[PDB]
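Here's a solo chain for you in C-alpha cells, the form deposited in one PDB entry.
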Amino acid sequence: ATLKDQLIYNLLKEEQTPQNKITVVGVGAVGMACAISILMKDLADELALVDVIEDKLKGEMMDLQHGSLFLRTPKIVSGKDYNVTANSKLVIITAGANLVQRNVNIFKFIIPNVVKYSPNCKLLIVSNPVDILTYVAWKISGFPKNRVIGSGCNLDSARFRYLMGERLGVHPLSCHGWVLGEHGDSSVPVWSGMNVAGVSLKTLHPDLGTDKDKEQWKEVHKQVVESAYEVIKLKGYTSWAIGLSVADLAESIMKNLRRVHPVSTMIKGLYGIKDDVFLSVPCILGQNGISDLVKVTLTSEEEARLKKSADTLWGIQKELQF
C-alpha cells in the first residue's frame, strides 16, 4: 500500500463543487492586488485566475499557492481556458489591452466564456473606461442589470474619504462623503452629503465646494483626480488601493451584507437620463449583486454634470459594434 493509504482511510471520493468561488480575469498589478486582498479577507473557498500570458499566469498562481499555509482558501487554480472558472459566484474583470475599442474587443472574447462556465455569477468590472466596459459586459452577457457591477466611483470615494480624514484628523471610516457619476476626471463630489457624525459640513460652511470657499475644499476632489495621476507618475501603475476597494465590494456580495457602495449601475430613468448608460450611484450590494439603489438629491449643477457624462458615454456607446 502507498504511504497515503497507510496513513489515511477514505470514507468517500464523491464529486464536489466550490460553494464560494471567485474568479479574477487579468493577472496584472490590479488583478493580483484584488487576488491577495480577497485571499487575506477569507472571502472564497476557491480562487481561479485567468490571463492570456501563460507563463506569468502560472508563476502568479504558484506564488499564491506557496503561501497556502497562511491562508484559508484551500484551492487556487489558473488557466487560459475558462473551464477553471466554472461555478464562480463572482467574476472580477481586470483584463486590459482607441483604448475603448481594444478593451471592447477583449470583452467580446472574455464575457461569453465567463457566462458559459458561470451563468449565475455576478460580474464585477474594474477594467477602464469602467462605465463603458460595464455597459459592454451587460450587453454581451445578457445578464439582468443587478448582476453587472462596475467598480465605478468606489476608489474615487475611498480616496476622497482618506483626504477628508487627513484634513479633519479623523479615521476615513468616520468621514462620510460621496463621489458619484462618471469614474475618473469627470466624477462629482456630492458636497451636501459630506459629514462627520451626521453633522453636515455644507450646513456649517455654506461656501463648501464653491470658488468663494476660503479653505478651498474643492481641492479635496481635485486631489482625488491629481493623486491618481501622481501615483502613475511615481510607480508606473496603481494596485494596492484598487485591490482593497474591490475586496470590500467582494465582501458585501459574498456575505450578502446589503451595505451601500458607490458603484456603476444602469442609471436610465434618473436625472433626466433616457439612455442605456452606467454611472455610479450608491447601491445596496448583496448575494444578488445590486438589489437596490439610493436616489440622491442632487443640485442643478450636479444633475447637469451626470447628464453631460451620460450624453458623452451614450455618444461613444451608440457607435459600438458587437
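Rigid core (definition): largest C-alpha set, two forms, superposition within 1.5 Å. Numbering starts at 1 and runs along the sequence shown.
- The stretch that strays farther, by root mean square C-alpha distance over structures and residues in 9 other deposited structures of this protein after a rigid core fit, is 297 to 305, when 297 to 305 is set against 21 to 29.
- Fitting each structure in 9 other deposited structures of this protein onto the rigid core and averaging C-alpha distances over structures and residues, 221 to 229 emerges as the more displaced of 221 to 229 and 123 to 131.
- Going from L204 to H205, you skip over nothing: the modelled chain follows the deposited sequence without a break.
- If you average the C-alpha B-factors over 229 to 237 and over 119 to 127, the higher value belongs to 229 to 237.
- Here the stretch with the larger average CA B-factor, out of 218 to 226 and 143 to 151, is 218 to 226.
- Highest CA B-factor among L49, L69, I273, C283, as stated in the entry: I273.
- For the set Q101, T134, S174, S200, the PDB entry assigns the largest Cα B-factor to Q101.
- Among the modelled residues of its chain, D185 has a C-alpha B-factor that falls in the highest third according to the deposited record.
- When the CA B factors of the chain's modelled residues are split into thirds, the value for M266 lands in the highest one.
- When the CA B factors of the chain's modelled residues are split into thirds, the value for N83 lands in the middle one.
- Among the modelled residues of its chain, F109 has a C-alpha B-factor that falls in the highest third according to the deposited record.
- Among all modelled residues in its chain, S309 ranks in the middle third by Cα B-factor.
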